[PDB]
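Architecture at a glance
Given next are the chains, with one letter for each unit.
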Amino acid sequence: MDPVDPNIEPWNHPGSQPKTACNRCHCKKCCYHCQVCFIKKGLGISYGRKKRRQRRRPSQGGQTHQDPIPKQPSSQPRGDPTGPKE
């Protein structure tokens, strides 16, 4: 996507601590962005809205969970499985 990059807190953030986990989930059926802590309605893509762009195909695993990174160089090196992948 590229935009919504002043986000990565409810979707990822550079979290580093000994244990201390607080994840949110209920039913596991096609988990395309089922966790997070912001607009989890999917609407535009899966946030407050969406620009005039559509990047959805058989390739991503968590609804571009790590797309709010600094522009489109790769991703955030904390936990998400993208970067050289998107």
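1. Re the overall build of the protein chain
If you tally the helices and strands in the protein chain, you get 0 helices and 0 strands. A compact globule built from 86 residues should have a C-alpha radius of gyration of about 12 Å, and the protein chain, at 13 Å, falls within 12% of that. Here the C-alpha coordinates of the protein chain stretch approximately 40 × 30 × 25 Å along the principal axes. A separation threshold of at least 6 residues defines the contact pool for the protein chain, and within that pool the share at least 24 residues apart is 63%. Summed over all atoms, the accessible surface of the protein chain reaches about 6,500 Å², with 53% contributed by carbon and sulfur. Put simply, the protein chain has 17 plus and 6 minus side-chain charges, and the middle of one group is 8 Å from the middle of the other.

2. Focus: the environment of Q63
Using a relative accessible area of 12% as the deciding quantity, one classes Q63 as buried. Considered as a pair, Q63 and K51 are 12 residues apart in the sequence and their alpha carbons are 16 Å apart. Discounting residues that sit within four places of it in the chain, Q63 has contacts with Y32, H33, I45 and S46. Of the polar contacts made by the side chain of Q63, one reaches the backbone oxygen of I45; its length is 3.3 Å.

3. Points about the UniProt feature "binding site: Zn(2+) 2" in the protein chain
Per the UniProt record, the feature "binding site: Zn(2+) 2" sits at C25, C27 and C30. Look at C25 and you get exposed, because its relative accessible area is 54%.

4. Details of the UniProt feature "binding site: Zn(2+) 1" in the protein chain
According to UniProt, the positions carrying the feature "binding site: Zn(2+) 1" are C22, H33, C34 and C37. In this structure, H33 is in contact with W11, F38, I39, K40, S46, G62 and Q63, ignoring residues within four places of it in sequence. Residues within four places of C34 in sequence aside, it is in contact with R24, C25 and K40.

5. Some words on unusual backbone geometry
Look at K19: it is not a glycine, yet its phi comes out positive at around 65 degrees. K19 gets classed as exposed once you look at its relative accessible area, which sits at 72%. The backbone of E86 shows a phi angle near 55 degrees, a positive value even though the residue is not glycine.

6. Notes on the pattern of salt bridges
Summed over all chains, the structure comprises 3 salt bridges. The closest approach of N and O atoms between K71 and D2, which form a salt bridge, is 3.0 Å. A relative accessible area of 17% places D2 in the buried class. A salt bridge links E86 to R55; its shortest N-O distance comes to 2.9 Å. Looking at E86, the relative accessible area reads 46%, which means it is partly exposed.

The rules behind the values
- Residues numbered from 1 in each chain as written, not as in the entry; some residues may be left out.
- Heavy atoms only, no water.
- Helix = DSSP H or I, 4+ residues; strand = E, 2+ residues; numbered from the N terminus.
- Rg over C-alpha atoms; globule rule 2.2 N^0.38 Å.
- Contact = heavy atoms within 4.5 Å.
- Areas by Shrake-Rupley, 256 points an atom, 1.4 Å probe, with all protein chains shown as cover.
- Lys, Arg positive; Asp, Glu negative; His and termini not counted.
- Charge placed at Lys NZ, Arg CZ, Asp CG, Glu CD.
- Buried < 20%, exposed > 50% of the residue type's maximum accessible area, 1.4 Å probe, protein only.
- Polar contact = N/O pair within 3.5 Å; in protein donor to acceptor, adjacent residues only side chain to side chain.
- UniProt positions renumbered as here; feature names shortened; annotations may be inferred.
- Salt bridge = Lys/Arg side-chain N within 4 Å of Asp/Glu carboxyl O.

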